[PDB]
Amino acid sequence: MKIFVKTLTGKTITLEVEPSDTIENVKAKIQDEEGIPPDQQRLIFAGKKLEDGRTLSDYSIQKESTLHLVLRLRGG
């Protein structure tokens, strides 16, 4: 599998998830190889604020899809 996520860093992560993968997995999938902590990190799909508790399909997200990463807590 293979999808894209544009992070607030300016680089794109290519993560192997599926539309059946839940939002919560995907944020942890980003924390997997990038290290962006899911707790305060949120995904924006084409203007839609993603949230843990539902699948990609709930937001009609598919394979090869491109996500956006916004982090509530970037610096402290």
# chains A, B, ... in the order shown; residues from 1 in each chain; ligands from 1
$ select_by_dssp --residues "chain A" --states "alpha helix (DSSP H)" --output "VMD selection string"
chain A and resid 23 to 33
$ write_last_selection --atoms "N, CA and C atoms" --output "PDB file, in the first residue's frame"
ATOM      1  N   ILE A  23      -8.410   6.510  11.040  1.00  0.00           N
ATOM      2  CA  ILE A  23      -7.689   7.766  11.145  1.00  0.00           C
ATOM      3  C   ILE A  23      -6.587   7.629  12.188  1.00  0.00           C
ATOM      4  N   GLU A  24      -6.928   6.975  13.303  1.00  0.00           N
ATOM      5  CA  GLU A  24      -6.011   6.818  14.425  1.00  0.00           C
ATOM      6  C   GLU A  24      -4.754   6.060  14.016  1.00  0.00           C
ATOM      7  N   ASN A  25      -4.903   5.055  13.158  1.00  0.00           N
ATOM      8  CA  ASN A  25      -3.743   4.328  12.668  1.00  0.00           C
ATOM      9  C   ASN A  25      -2.862   5.267  11.877  1.00  0.00           C
ATOM     10  N   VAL A  26      -3.473   6.038  10.982  1.00  0.00           N
ATOM     11  CA  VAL A  26      -2.716   6.876  10.054  1.00  0.00           C
ATOM     12  C   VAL A  26      -1.839   7.891  10.794  1.00  0.00           C
ATOM     13  N   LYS A  27      -2.374   8.515  11.841  1.00  0.00           N
ATOM     14  CA  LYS A  27      -1.579   9.443  12.652  1.00  0.00           C
ATOM     15  C   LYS A  27      -0.415   8.720  13.342  1.00  0.00           C
ATOM     16  N   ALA A  28      -0.656   7.497  13.797  1.00  0.00           N
ATOM     17  CA  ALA A  28       0.395   6.672  14.384  1.00  0.00           C
ATOM     18  C   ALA A  28       1.343   6.157  13.303  1.00  0.00           C
ATOM     19  N   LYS A  29       0.835   6.069  12.090  1.00  0.00           N
ATOM     20  CA  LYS A  29       1.631   5.662  10.942  1.00  0.00           C
ATOM     21  C   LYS A  29       2.612   6.770  10.582  1.00  0.00           C
ATOM     22  N   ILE A  30       2.193   8.001  10.824  1.00  0.00           N
ATOM     23  CA  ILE A  30       3.049   9.156  10.633  1.00  0.00           C
ATOM     24  C   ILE A  30       4.085   9.236  11.749  1.00  0.00           C
ATOM     25  N   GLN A  31       3.676   8.865  12.955  1.00  0.00           N
ATOM     26  CA  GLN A  31       4.569   8.872  14.090  1.00  0.00           C
ATOM     27  C   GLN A  31       5.566   7.723  13.954  1.00  0.00           C
ATOM     28  N   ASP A  32       5.154   6.698  13.214  1.00  0.00           N
ATOM     29  CA  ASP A  32       5.993   5.540  12.916  1.00  0.00           C
ATOM     30  C   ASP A  32       7.343   5.956  12.336  1.00  0.00           C
ATOM     31  N   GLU A  33       7.344   6.539  11.138  1.00  0.00           N
ATOM     32  CA  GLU A  33       8.605   6.840  10.462  1.00  0.00           C
ATOM     33  C   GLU A  33       8.986   8.321  10.530  1.00  0.00           C
TER      34      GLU A  33
END
$ residues_around --residues "range 45-55 of chain A" --least-positions-apart "3" --cutoff "7 Å" --atoms "only C-alpha atoms" --output "PyMOL selection string"
chain A and resi 19-24+42+58+67-68
$ atom_distance --atom1 "CA of residue 57 in chain A" --atom2 "CA of residue 9 in chain A"
26.2 Å
$ closest_residue --among "A:34, A:39, A:64, A:16" --to "residue 1 in chain A" --atoms "only C-alpha atoms"
A:16
$ select_by_dssp --residues "range 12-63 of chain A" --states "strand (DSSP E)" --output "list in words"
residues 12, 13, 14, 15, 41, 42, 43, 44, 45, 48 and 49 of chain A
$ residues_around --residues "residue 13 in chain A" --least-positions-apart "5" --cutoff "7 Å" --atoms "only C-alpha atoms" --output "ChimeraX atom specification"
/A:4-6
$ write_last_selection --atoms "N, CA and C atoms" --output "mmCIF file, in the first residue's frame"
data_model
loop_
_atom_site.group_PDB
_atom_site.id
_atom_site.type_symbol
_atom_site.label_atom_id
_atom_site.label_comp_id
_atom_site.auth_asym_id
_atom_site.auth_seq_id
_atom_site.Cartn_x
_atom_site.Cartn_y
_atom_site.Cartn_z
ATOM 1 N N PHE A 4 -0.039 9.389 0.518
ATOM 2 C CA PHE A 4 0.813 10.551 0.730
ATOM 3 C C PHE A 4 0.273 11.414 1.854
ATOM 4 N N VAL A 5 1.158 12.048 2.603
ATOM 5 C CA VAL A 5 0.739 13.045 3.566
ATOM 6 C C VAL A 5 1.704 14.226 3.565
ATOM 7 N N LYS A 6 1.151 15.397 3.314
ATOM 8 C CA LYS A 6 1.906 16.631 3.302
ATOM 9 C C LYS A 6 1.958 17.189 4.707
#
$ residues_around --residues "residue 70 in chain A" --least-positions-apart "2" --cutoff "7 Å" --atoms "only C-alpha atoms" --output "ChimeraX atom specification"
/A:7-8,41-43,68,72
$ atom_distance --atom1 "CA of residue 10 in chain A" --atom2 "CA of residue 40 in chain A"
18.3 Å
$ atom_distance --atom1 "CA of residue 63 in chain A" --atom2 "CA of residue 35 in chain A"
21.8 Å
$ closest_residue --among "A:76, A:60, A:38, A:71" --to "residue 18 in chain A" --atoms "only C-alpha atoms"
A:60
